[PDB]
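Novice: Following this: a sequence and the matching experimental structure.
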Amino acid sequence: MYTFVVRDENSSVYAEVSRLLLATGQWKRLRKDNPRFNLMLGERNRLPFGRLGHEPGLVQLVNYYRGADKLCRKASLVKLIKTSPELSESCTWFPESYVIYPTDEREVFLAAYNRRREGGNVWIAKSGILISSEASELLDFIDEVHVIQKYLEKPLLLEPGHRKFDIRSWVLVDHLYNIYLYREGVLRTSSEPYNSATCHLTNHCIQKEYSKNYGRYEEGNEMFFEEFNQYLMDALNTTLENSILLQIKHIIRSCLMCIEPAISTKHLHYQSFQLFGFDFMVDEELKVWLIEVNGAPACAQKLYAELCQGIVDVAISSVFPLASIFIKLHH
Amino acid sequence: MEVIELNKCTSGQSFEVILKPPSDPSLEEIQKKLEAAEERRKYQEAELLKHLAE
Amino acid sequence: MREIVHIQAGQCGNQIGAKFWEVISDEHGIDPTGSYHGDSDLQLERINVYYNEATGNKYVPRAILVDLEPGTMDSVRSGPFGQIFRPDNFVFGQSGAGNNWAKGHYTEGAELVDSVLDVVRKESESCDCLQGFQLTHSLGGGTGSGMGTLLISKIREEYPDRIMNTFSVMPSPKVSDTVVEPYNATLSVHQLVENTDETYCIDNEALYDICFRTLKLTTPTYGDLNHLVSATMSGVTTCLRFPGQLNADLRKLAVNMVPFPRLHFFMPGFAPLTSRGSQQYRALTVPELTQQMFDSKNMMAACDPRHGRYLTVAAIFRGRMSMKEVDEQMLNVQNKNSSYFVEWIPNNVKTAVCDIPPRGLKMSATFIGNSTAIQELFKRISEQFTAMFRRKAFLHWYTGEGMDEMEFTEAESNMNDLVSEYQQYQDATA
Amino acid sequence: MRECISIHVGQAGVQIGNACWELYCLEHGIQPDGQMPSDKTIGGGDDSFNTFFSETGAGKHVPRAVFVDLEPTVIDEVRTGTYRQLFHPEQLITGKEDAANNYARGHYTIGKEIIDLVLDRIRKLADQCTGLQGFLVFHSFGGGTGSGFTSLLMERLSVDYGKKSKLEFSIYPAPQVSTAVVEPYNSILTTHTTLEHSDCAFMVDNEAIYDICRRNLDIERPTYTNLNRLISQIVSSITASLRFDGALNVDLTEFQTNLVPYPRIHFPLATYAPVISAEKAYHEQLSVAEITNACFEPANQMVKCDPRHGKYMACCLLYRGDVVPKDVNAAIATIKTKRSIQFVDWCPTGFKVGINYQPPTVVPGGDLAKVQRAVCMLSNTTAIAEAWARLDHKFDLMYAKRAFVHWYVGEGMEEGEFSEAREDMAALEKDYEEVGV
Ligand SMILES: Nc1nc2c(ncn2[C@@H]2O[C@H](COP(=O)(O)OP(=O)(O)OP(=O)(O)O)[C@@H](O)[C@H]2O)c(=O)[nH]1
Ligand SMILES: Nc1ncnc2c1ncn2[C@@H]1O[C@H](COP(=O)(O)OP(=O)(O)CP(=O)(O)O)[C@@H](O)[C@H]1O
Ligand SMILES: Nc1nc2c(ncn2[C@@H]2O[C@H](COP(=O)(O)OP(=O)(O)O)[C@@H](O)[C@H]2O)c(=O)[nH]1
Ligand SMILES: [Ca+2]
Ligand SMILES: [Mg+2]
Ligand SMILES: [Mg+2]
Ligand SMILES: [Mg+2]
């Protein structure tokens, strides 16, 4: 019998994993503070990594990578890409970005901003978000830690609707640091026509609240890959694989292979896996850009069952054998 | 990768290499604590031998 | 050279007490005449713990035999290891206690207790560094129960900084001698909770059921019951009698086993369970020892460990075996049943291994547990006690010796408090 | 030349001391007799090895060491062992009954009765020193003597020898070989009382060296003999600079200067390689690059933690065997590009290096194989705070229920000292997090 503990109740993903494990009959859930566990579905913050792997007779596994936050935080991601020679200042799939503190790269952002105006100069400030061409306005919004990023003025627009979207990709990194990309991705779409002058933010929460047109084109403003691929064949005479996914699979690898030496648990006294959520924008030219990485991502409703079962098969059952939906991004 | 202060001898040698630059209680007080603990012991034992005497 | 002074009081105390010395004398290679004839230096490296040395290199048990009637002590002196005991350490009266706690504690035993303390004192004065005392007795009778707890209270007065250990036999209607045993036991427990550091709860209910159900003895005698006790006593004193790291003395054992002063009632276990002359030929595998030592059917106290939680545990393995395998199997028990071990005492299971096995076995394991399930034992005695006391039945035997009903009320209350204190930590969480 | 006095306390300290001095004697060519043929200066010497050994008119070399234990069994083995002629009786001090794994019993009860004797026996070694520079104290966190009596001794040594430095070699408790449930209590208690009196303390987690013995020496169930033989190699590497000609860490003061910017943060993480089984028939000797790279693997650390998720304040590389600077720098250069090594902003990113051409000496019939080169890395990293966190957690679990507390109170201690010591450990964890995050 294997044993595990749950220390993040607000996790929709691992609540399903927990259920699936118990359903095997070969996994027993302990109290949260019982140290004699084989698996830990840890909390989102201040996870005690220092207390893992110090239990004789137990192989201990946790569903998070210590140090992975460097990829999943806005400001940290910027600093990571700029200062990492594997990614470098000359990185062609990450928008121009700068880190700013309220009340730092303020001097450097303005230095490049003045270049833009003489002679498109729209940006975006992320912590509530504010899109504006006025630099003086953005800096005010921050003061009353943020990142200022180049706003993609020319996004790929879906027809009918003339509406923008972003792509969420779910990635699973096991204990051997095998990069697994989930077959199914999702397009969080805007139900509003993209206005060059609620329609700019593809956030599912913002869409449900401020959009009259929520859910007309597709279920819950979520277009999946089978449909999106079909649209791409009919409208632009290409495939999702060629036009977009090659770039996605490239970005996912580059980021995770860059940070691997810092977080790998290959020779550690405990093992780690983690589920990541990569968010991408694509422009008119079918060029893929990376927005952010999510360390604790939820999943699309109809994809929970298949994805969560994959986490058990690949990340958990691999370490704890009982008695493919993933694409392996080879290094 | 600057090597500095290289010292050598028949037994061996040592050196430093820099990759990047930067960017109480008195004896009296002890004797009291030990004695304060000794009295607390003697008090507890006294209560015991008192209880047993009853 | 940390000496232990052994005391045995009453019929039961001297029966088991005599068997204990027979067993360990054999393990240490001491013959009935007190001469050593062993083949290992491990046998004598800590012999001084239980034996005194005389001229001619004779080894004499540091034991004091007490009773209020000469019956059992005449049987011991005529027993196989009768000659081994120091003749002057035999201290007895003639009146008997008539299964009356009041007689042993207040009247008959009071007349004899000073003579015993004179022998205890002479033994203690000879000690290089006295650890403390171990007492063997039953709680259901009069002498061992009444005078035994009287001796304990007096020994504590003269030796307040020494450890007081006891092997206390609990009364069961399955092996009942009289109807007043619940009175004698409750009165005794009231004393043990206050004046002992360590008490091994040997339950006659458990001993009988083992003999009947497991060993398939249709008509168990006291000899069959004592085969199990002497085996348990040999086991739980192994760490004290041979070179070892864990629980090597009475104080270190107490520090490891007793998180709270009143909760010092241990539940002993043993594997493999054998009957006298069974002489089984197949040694148990380390996995087999481990599963059986923790089994309810191997517990010498009639309590279901799954009805409580372990505060602390001490496991002792005896014989030539893989220490690696012992560690793996002990870790396996804790990890497979982690819910039965309290989480607020980390690493509360300590394991020892001794190369010398008990006689007749290649492999054996002894279990010592401080479980909250032991409350079932005190609940049982409390039920039996209250059943009579609500009608004040048979109290005249006690009030005739000067006792008052209040003293019964207090003793009942303190034992019920003990039960509720175990239940408190059985529900506690981290 | 400035003398160093070693103080071995409790079972762990004494038995480890035995392994070390056995190893020192092999490295210096001293016999159990106490004679040292190579030493031509009879009756006295100003040499480097005289830091640890004094000389008699007859030419005997005597460890400047005092063994103390509140129970005579362990020290009695030294009195009757192979190196009985090495020490003189006044160096070996024994009581009658131990501290029963109780800090309070070792500190307050039994400590009070022997503290003046030990100090007087230490005073007699100090009187034979022309320039005593300080003390090396070996003990355990878990034992009652090792924890309780040590903290009392460290308090008094700061009174009697205020100018002198004091280094610790502490054994951190591990369930796989621990003999008490209350070892977390004793640890926090002795750490709290000793903190201000120790200048530099090298922790050794029994868990780490236990697994190293299983993994690399192929030992199924390590004994204290196995553990101590490996520990002594680490201690020997650390103290070699005091016993041999060199220019790095030549006095106890330099340990603090090189490894301890902040006084409270004085617990350097030790890492050692290579550890090779003497039973391996065929073995490929590892290069400078291979053993140096091994110093950044948690599997080789004296305490299992992750320096990748902390920051460095200092780093010392102590080599023994066939090593030259050029190969070290080449190895460091390669490693810096491959590994995560971040120092604090207010410290130089660099390494102090020491090479002793003599390869590591191994006890004949031991578990370790002879190697042509080995290294011990001393790095003050904040990641070692993971050990305090593990320990403080176990402490909090038991103390919330006041489990076993009565044993301490019973010996005269006050329950307030438990929380006082825990508060000090809470502050310490807070100091580490500020410096390293
Ligand atoms: N590495 C190593 N650890 C040891 C050794 N001996 C004991 N220990 C550890 O020390 C802890 C217990 O402290 P001890 O040194 O044995 O006890 P003590 O200092 O003599 O204190 P008391 O016995 O209470 O008087 C346990 O956690 C052991 O694992 C040893 O020889 N080597
Ligand atoms: N640089 C950029 N260029 C163009 N559009 C952008 C952009 N940065 C953000 N957006 C849009 O704004 C939305 C804000 O999402 P962001 O991911 O930035 O905050 P969040 O982290 O609170 C949402 P989630 O975690 O669900 O992805 C994006 O989904 C995208 O639609
Ligand atoms: N195991 C065991 N129990 C006994 C023996 N003799 C008596 N008892 C138990 O002890 C209780 C009676 O106490 P007893 O020893 O006769 O009283 P005392 O001699 O007057 O102190 C009863 O509950 C019996 O079950 C014995 O030889 N072995
Ligand atoms: Ca000389
Ligand atoms: Mg986000
Ligand atoms: Mg009878
Ligand atoms: Mg000791």
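Specialist: Everything's here; your move. Residues are numbered from 1 along each chain as shown, chains lettered A, B, ... in the order given. Ligands and ions are numbered 1, 2, ... in the order given.

Novice: before we move on, which element is the closest residue to residue D:96 other than its chain neighbours in?
Specialist: Counting by Cβ to Cβ, 6 or more residues apart in numbering or on different chains, residue D:96 lies nearest to residue C:129, which is 4.7 Å off, once chain neighbours are set aside. For the C-beta atoms, the positions are set from N, CA and C on the backbone; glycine is no exception. Using DSSP states H and E, residue C:129 sits in no helix or strand.

Novice: Cross-check the contact I'm expecting between residue C:129 and residue C:4.
Specialist: No. At 10.7 Å, residue C:129 does not count as touching residue C:4 under the criterion of Cβ atoms under 8 Å.

Novice: Between those two, point out the one with more neighbours.
Specialist: residue C:4 (24 against 14; other Cβ atoms under 10 Å in any protein chain shown).

Novice: List the residues that contact the more buried one.
Specialist: By Cβ atoms under 8 Å, 6 or more residues apart in numbering or on different chains, the contact list for residue C:4 reads C:49, C:50, C:62, C:130, C:131, C:132, C:133, C:134, C:240, C:250.

Novice: Ligand 4 contacts on chain B?
Specialist: Residues of chain B found near ligand 4 (Cβ under 5 Å from the ion): none.

Novice: Can you give me the neighbour number for whichever residue of chain A sits closest to ligand 7?
Specialist: The nearest approach of chain A to ligand 7 comes at residue A:56, 23.4 Å away (Cβ to the ion). Residue A:56 has 18 neighbours, counted by other Cβ under 10 Å.

Novice: That one and residue A:225: what is the separation?
Specialist: For residue A:56, the distance to residue A:225 (Cβ to Cβ, to the nearest Å) stands at 46 Å.

Novice: go on, residue D:431?
Specialist: Distance, residue D:431 to residue A:225, by Cβ to Cβ: 51 Å.

Novice: thinking again about what came up before, how about the residue of chain A closest to ligand 7, phi and psi?
Specialist: Backbone torsions of residue A:56, given as degrees, to the nearest 10, read phi -50, psi 130.

Novice: pretty sure it contacts residue D:175?
Specialist: Yes. If you go by Cβ under 8 Å, residue A:56 and residue D:175 touch, sitting 6.3 Å apart.

Novice: At the contact with chain A, which residues of chain C appear?
Specialist: Contacts of chain C with chain A, taken as Cβ under 8 Å from any Cβ of the partner chain, map to C:327-328, C:331-332, C:334-336, C:338-339, C:343, C:346, C:429-430.

Novice: Just the buried ones out of the residues you listed, please.
Specialist: The neighbour-count test (16 or more other Cβ atoms under 10 Å in any protein chain shown) applied to the residues of chain C next to chain A identifies C:327, C:328, C:331, C:334, C:335, C:338, C:343, C:346, C:430 as buried.

Novice: Can you give me the domain assignment for chain A?
Specialist: A:2-68, A:69-71+A:156-329 (curated CATH domains).

Novice: First-to-last residue distance for the last one?
Specialist: Just to be clear, that refers to domain A:69-71+A:156-329. 21 Å (Cα to Cα, to the nearest Å).

Novice: Going along the chain, name the helices of the stretch 51-200 of chain C.
Specialist: C:71-77, C:101-102, C:108-125, C:148-158, C:181-195 (DSSP state H, counting those that start in this stretch).

Novice: still on that earlier bit, can you pull the contacts of the residue of chain A closest to ligand 7?
Specialist: Neighbouring residues of residue A:56 by Cβ under 8 Å, 6+ apart: C:327, C:331, D:175, D:176.

Novice: farthest-separated two in those?
Specialist: C:327 and D:175 (10.4 Å; Cβ to Cβ).

Novice: leaving aside the residues next to it on the chain, what's closest to the residue in chain B that ligand 3 sits nearest to?
Specialist: As assessed by Cβ to the nearest ligand atom, ligand 3 sits closest to residue B:52 within chain B, at 22.8 Å. Nearest residue to residue B:52 in three dimensions, chain neighbours excluded: residue C:157, at 4.8 Å (Cβ to Cβ, 6+ apart).

Novice: count of neighbours near that neighbour?
Specialist: Counted with other Cβ under 10 Å, residue C:157 comes out at 15.

Novice: Repeat that for residue B:47.
Specialist: Residues lying near residue B:47 (other Cβ under 10 Å) number 10.

Novice: how close does whichever residue of the stretch 51-200 of chain C sits closest to ligand 1 get to residue D:95?
Specialist: Nearest residue of the stretch 51-200 of chain C to ligand 1, counting by Cβ to the nearest ligand atom: residue C:129, 13.3 Å away. Computed as Cβ to Cβ, the residue C:129 to residue D:95 distance reads 9 Å.
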